[PDB]
Amino acid sequence: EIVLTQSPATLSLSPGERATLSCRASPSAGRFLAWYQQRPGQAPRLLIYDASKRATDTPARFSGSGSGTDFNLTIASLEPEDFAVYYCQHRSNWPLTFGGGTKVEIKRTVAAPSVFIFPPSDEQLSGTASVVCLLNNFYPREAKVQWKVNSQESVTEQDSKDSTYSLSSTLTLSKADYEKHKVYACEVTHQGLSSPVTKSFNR
Amino acid sequence: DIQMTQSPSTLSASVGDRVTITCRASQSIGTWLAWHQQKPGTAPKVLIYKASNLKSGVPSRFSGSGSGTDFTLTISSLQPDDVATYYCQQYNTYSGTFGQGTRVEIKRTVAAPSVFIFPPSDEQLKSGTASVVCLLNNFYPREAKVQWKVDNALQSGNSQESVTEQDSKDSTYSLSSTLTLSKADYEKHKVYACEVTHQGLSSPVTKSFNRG
Amino acid sequence: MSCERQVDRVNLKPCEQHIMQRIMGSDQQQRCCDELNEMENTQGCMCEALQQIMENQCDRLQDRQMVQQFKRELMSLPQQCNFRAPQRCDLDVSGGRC
Amino acid sequence: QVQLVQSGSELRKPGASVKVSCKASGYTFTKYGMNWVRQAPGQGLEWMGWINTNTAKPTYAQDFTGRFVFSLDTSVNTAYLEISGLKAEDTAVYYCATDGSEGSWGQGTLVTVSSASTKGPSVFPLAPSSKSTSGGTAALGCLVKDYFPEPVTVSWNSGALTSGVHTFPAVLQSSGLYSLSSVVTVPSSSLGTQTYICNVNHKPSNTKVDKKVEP
Amino acid sequence: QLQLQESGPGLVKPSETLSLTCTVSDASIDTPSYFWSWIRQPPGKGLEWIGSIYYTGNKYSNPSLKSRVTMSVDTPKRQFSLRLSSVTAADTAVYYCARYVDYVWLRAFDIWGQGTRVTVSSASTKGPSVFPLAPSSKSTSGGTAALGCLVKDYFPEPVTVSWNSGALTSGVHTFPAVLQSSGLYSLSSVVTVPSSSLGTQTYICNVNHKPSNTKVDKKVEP
């Protein structure tokens, strides 16, 4: 019944900046509108309900405002724990609807990616070899994984308390193609690094 | 504690008469009262809920009224099949207790009993017991007397009585008296008689048989 | 005014309809508090209002289970409006003599 | 169509327990609470208390505290009454009942508490007298003797003969067994040409006896 | 101080009905103005309300899902349930149970459950295989060493990984699962630790797969 059009994904914002969130209800939602906070892998947490009425265990930096049709959620002093997707919810009428969600990101120092390499460990005994590269605590999400000895699978961790993402690149090979070469190189071009970094193992 | 005082404990009336049963509460129960009808051998049926609302299937001659402490159940034209016991019942938050009940019987014209005497069966006599049964059929009023006479000797403690419910059509009563004797005692005497006294008979009627 | 007169001024139908909807399974809840706000004092004469809501719906309450559920909603209605619940509402006696 | 169907009759020894079921249909089980009513033989109705069918919380009148427990199974729409430490005075018919416009009565459950055991009846004929009123009514019947517990059902001619039938209340003989008689008044000329049969059913012992009653 | 715990299968075949049960730990089901509700969230998407139910059965549901939504409340058992019929791939989501409060100044879900991941699929459940990831691999360069475990070939989601039975929780990174061409998920969980700690502390990864009820513990050694 009532559509809740939210603002787009807020860009990356450095801590201490001002973040505003917009939610619009095509029919007037009145005073009944709530804001939810959802960190990754967590259940959404109630943040603001009614108008400008913060919930318990909610920091003072969070505040709400808005008339029936327009609503605003503002984080005065951005903190690294504020990385979450925020949803606006209404119960003006019995059909309950949620907003599309506004995911905020935290801009921090460009940092640098710590790199580690893991060889296959006795999983070829059904012979498959998985080689893994660990990129730890790098800020810029743009990162390159080159597997020089192409089927690599890559999974990236989301933001954190240090606001730096972590990247894992898994290289799956068969045991016959695992013994083909003794040197398995792992080169990352980070663009936040001084120069490309290479990690390798023998056999 | 709220007390439910049902006023007529028993009630006799003629067919087509107006009949009123009153329930009075020690303190206000405010429309939280129901009227139930129970005939012997059968479960009760709800007549009235909320002290004035007829339940479905209840004849329109039934009627309820009142609120607070005073409630009445009315039968506009009493019918012979209205013979039953009627109960008020509070169903408020505190309690659900019933009234003491009102037994309703029909007043009709006097009908003399028809008397029958049944000798013991041959099958039962093989078991060493003789049962002699006297039947009074379709009499009114209920008050009847049955005397067992064996060789013109009054019997005491040898008989058990049983009265049927008032007929839902005839408004009459039927009674059965069973005289129980041992087989040895049964064949000691030959004349077994049943003397019956009722208002509908000018003189007592005795039914007898010769056996034993 | 007297407590009985204050209740007669306001329209409690949104309150009765809000409670009955929950019991039997535009904004009645807001209008109920809006109509309860049009009183000289809410802390006081609220019990008579709460009793009168049940009185106007007793004919639609079929048994003591429904009455008990209705009483629970009435005692929670002040908290629904961000009010203060009165400490002397004798709804049990009034609910058995309606 | 609101219906309350209860479990069948029970016979129990003193000190044992009984559990009466009451199954509800034709309405929402959790909408209205369930009442329980006891009726001792020949006495009035005593309200025992009620159970909240939504929260399962029971409420008891004082005379039925302790040994009487109300419970229910909402998934089956059944309320239960369980009586422990049974005494002879607990012999009664127990009803479940609901209040309101949809309120109804269960058919009732007879709980008999006795030290005696189930015994089938013997049936003897009450043969009509040979000296019957020609052109008038004649009486015949059957004697259902020495059975326990109650009830006994008597029909005539497989239920085809109902007019003029009288079945008297059972009497508790000094032997500890019940005995009733069932009679029917028929045309005198109908005897001999017509066969009158009494159909005696004693469900507790599951005995069916058909007895021809002839002069 | 109430808590909501949802239970039910994590795998539902496409033609069948999804059934979930939540247990309230406060006996607050009977309490007025509380609507026990369900909320689902597909991966890669946002929250969607699917319905709310009162302790008296007074219920409201999403209009686009009402035809297939059935809810019930069992007050004595402190439980409410959701039945969703004729599931599609669109019904694959993490299902939350929450308590909706109906006040004029509060119309929101104040407390949520942990969330049960339900995926609809015709494939059968398969438990995970766990392999170590040796730390440093005989070469230590910096003062911090990294180690991990590879959880491979399991279905369906999710898999929970903890280190040292939850004692080690700092520096831990469990990466999102990826779907391989075989139809089985896989992930890696790694944790960075000082290099002087190796040989004095034992690192054991605890892998839990509730869809298969499989628990496996693997220790990682240099």
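What is reported rests on the model, the rules as stated and the sources as named; these are not laboratory values. Because the Cβ atoms are built from the backbone with ideal geometry, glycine has one as well, and the counts that use them run over all protein chains shown.
In summary, B:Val196 fulfils each of the numbered conditions (1) surrounded by 18 or more Cβ atoms within 10 Å (Cβ to Cβ); (2) closer than 30 Å to B:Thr42 by Cα with the single exception of condition (2).
With respect to E:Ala167, determine if the residue is farther than 19 Å from A:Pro120 by Cβ, facing chain A (nearest Cβ under 9 Å) and hydrophobic (A, V, I, L, M, F, W, C). Here the answer is no, as E:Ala167 does not meet what is asked. So which residues in the stretch E:57-104 are away from chain C (no Cβ under 14 Å) and among the hydroxyl-bearing types (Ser, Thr, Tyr)? Listed by number, the residues that qualify are E:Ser64, E:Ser67, E:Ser81, E:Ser85, E:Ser86, E:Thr88, E:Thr92, E:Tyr95, E:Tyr96. If I filter the stretch D:5-25 for residues that are within 13 Å of another protein chain (Cβ to nearest Cβ), over 29 Å from C:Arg72 (Cβ atoms), aliphatic (A, V, I, L, M) and touching a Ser or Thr at 6+ places or on another chain (Cβ under 9 Å), do I get at least one hit? Yes, there is a match, as at least one residue in the stretch D:5-25 is within 13 Å of another protein chain (Cβ to nearest Cβ), over 29 Å from C:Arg72 (Cβ atoms), aliphatic (A, V, I, L, M) and touching a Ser or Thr at 6+ places or on another chain (Cβ under 9 Å). Scanning the stretch A:12-44 for residues that are more than 13 Å from chain E (Cβ to nearest Cβ), over 15 Å from A:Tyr87 (Cα atoms) and either under 20 Å from the mean Cα position of the chain (by Cα) or surrounded by 20 or more Cβ atoms within 10 Å (Cβ to Cβ) (or both) yields A:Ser12, A:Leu13, A:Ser14, A:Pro15, A:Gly16, A:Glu17, A:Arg18. Among the numbered criteria (1) in a helix (DSSP H, G or I); (2) in contact with a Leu (Cβ under 8 Å, 6 or more places away or on another chain), which single criterion is violated by E:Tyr154? Tallying (1) in a helix (DSSP H, G or I); (2) in contact with a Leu (Cβ under 8 Å, 6 or more places away or on another chain), E:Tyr154 fails exactly one: (1). Per this entry, B:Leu136 is not counted among residues that are more than 12 Å from chain D (Cβ to nearest Cβ) and either closer than 21 Å to B:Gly41 by Cβ or part of a strand (DSSP E or B) (or both).
For the stretch A:118-129, filtering for residues that are hydrophobic (A, V, I, L, M, F, W, C), more than 7 Å from chain E (Cβ to nearest Cβ) and assigned to a strand (DSSP E or B) leaves 1. Within the stretch E:182-199, the set of residues being polar (S, T, N, Q) and within 25 Å of A:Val115 (Cβ to Cβ) comprises E:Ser186, E:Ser188, E:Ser189, E:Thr192, E:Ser195, E:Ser196, E:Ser197.
Scanning the stretch C:51-88 for residues that are surrounded by 18 or more Cβ atoms within 10 Å (Cβ to Cβ) and part of a loop (DSSP other than H, G, I, E, B) gives C:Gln57, C:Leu61, C:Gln62, C:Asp63, C:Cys81.
Among the residues of the stretch E:30-39, what is the count of those that are within 9 Å of another protein chain (Cβ to nearest Cβ) and farther than 20 Å from E:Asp91 by Cβ? Selection size over the stretch E:30-39: 4. Residues of the stretch E:135-142 include none that is in the same structural domain as E:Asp26 (by TED's automatic domain parsing) and crowded, with 17+ Cβ neighbours inside 10 Å.
Consider the stretch E:40-56 and keep the residues that are within 8 Å of chain A (Cβ to nearest Cβ) and more than 15 Å from E:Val118 (Cα to Cα). The one that is surrounded by the most Cβ atoms within 10 Å (Cβ to Cβ) is E:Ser52.
For the stretch C:89-98, taking the residues that are assigned to a loop (DSSP other than H, G, I, E, B) and among the charged types (D, E, K, R), the one that is nearest to D:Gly33 (Cα to Cα) is identified as C:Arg97. Checking each residue in the stretch A:45-58 for being under 22 Å from the mean Cα position of the chain (by Cα) and more than 17 Å from E:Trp105 (Cβ to Cβ) picks out only A:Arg45.
Criterion applied to A:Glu187, A:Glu157, A:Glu179, A:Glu153 was being outside the structural domain of A:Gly41 (by TED's automatic domain parsing) and touching a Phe, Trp or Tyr at 6+ places or on another chain (Cβ under 6 Å), and the one residue passing it is A:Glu157.
Every residue, every condition in (1) over 17 Å from the mean Cα position of the chain (by Cα); (2) more than 21 Å from E:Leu150 (Cβ to Cβ); (3) among the polar types (S, T, N, Q), yes or no:
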site	(1), (2), (3)
A:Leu125	yes, no, no
A:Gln158	no, no, yes
A:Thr170	yes, no, yes
A:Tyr178	yes, no, no
A:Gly192	yes, yes, no
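The residues listed here are A:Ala76, A:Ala9, A:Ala84; of these, the one that is surrounded by fewer than 16 Cβ atoms within 10 Å (Cβ to Cβ), under 22 Å from the mean Cα position of the chain (by Cα), hydrophobic (A, V, I, L, M, F, W, C) and within 14 Å of chain E (Cβ to nearest Cβ) is A:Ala9. Here are the criteria: (1) surrounded by 19 or more Cβ atoms within 10 Å (Cβ to Cβ); (2) in contact with a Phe, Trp or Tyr (Cβ under 9 Å, 6 or more places away or on another chain). Tell me which single one C:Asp92 does not satisfy. Evaluating C:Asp92 over (1) surrounded by 19 or more Cβ atoms within 10 Å (Cβ to Cβ); (2) in contact with a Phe, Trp or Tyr (Cβ under 9 Å, 6 or more places away or on another chain) leaves (1) as the failure.
If you go through the stretch E:107-131 and pick out every residue that is more than 15 Å from E:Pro42 (Cα to Cα) and either away from every other protein chain (no Cβ under 14 Å) or outside any loop (DSSP other than H, G, I, E, B) (or both), you end up with 15. Looking only at the stretch D:171-208, which residues are among the aliphatic types (A, V, I, L, M) and either closer than 13 Å to D:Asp146 by Cα or touching a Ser or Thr at 6+ places or on another chain (Cβ under 8 Å) (or both)? Within the stretch D:171-208, D:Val171, D:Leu172, D:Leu177, D:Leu180, D:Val183, D:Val186, D:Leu191, D:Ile197, D:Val200 qualify. Number of residues in the stretch A:95-117 that are over 30 Å from A:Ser14 (Cα atoms) and in a strand (DSSP E or B): the value is 2.
Counting only residues that are of a type outside the set (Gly, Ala, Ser), farther than 30 Å from B:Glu187 by Cα and assigned to a loop (DSSP other than H, G, I, E, B), the stretch B:147-174 holds 7 of them. Of the residues that sit in the stretch A:87-107 and are in contact with a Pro (Cβ under 7 Å, 6 or more places away or on another chain) and not hydroxyl-bearing (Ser, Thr, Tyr), which one is farthest from the other protein chains (Cβ to nearest Cβ)? Out of the qualifying residues, it is A:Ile106. Looking across the stretch C:22-52, the residues that are among the aliphatic types (A, V, I, L, M) and within 14 Å of chain E (Cβ to nearest Cβ) come down to C:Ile23, C:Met24, C:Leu36, C:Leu50.
Within the stretch C:2-19, the set of residues being within 14 Å of another protein chain (Cβ to nearest Cβ) and either buried (at least 17 other Cβ atoms within 10 Å of the Cβ) or farther than 22 Å from C:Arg72 by Cβ (or both) comprises C:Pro14, C:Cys15, C:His18, C:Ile19. Quick one: count up the residues across the stretch E:207-222 that are in contact with a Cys (Cβ under 6 Å, 6 or more places away or on another chain) and of a type in the set (A, V, I, L, M, F, W, C). Looking only at that region, the number is 0. Considering (1) within 9 Å of chain B (Cβ to nearest Cβ); (2) part of a loop (DSSP other than H, G, I, E, B), the lone condition that D:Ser179 does not fulfil carries the number (2).
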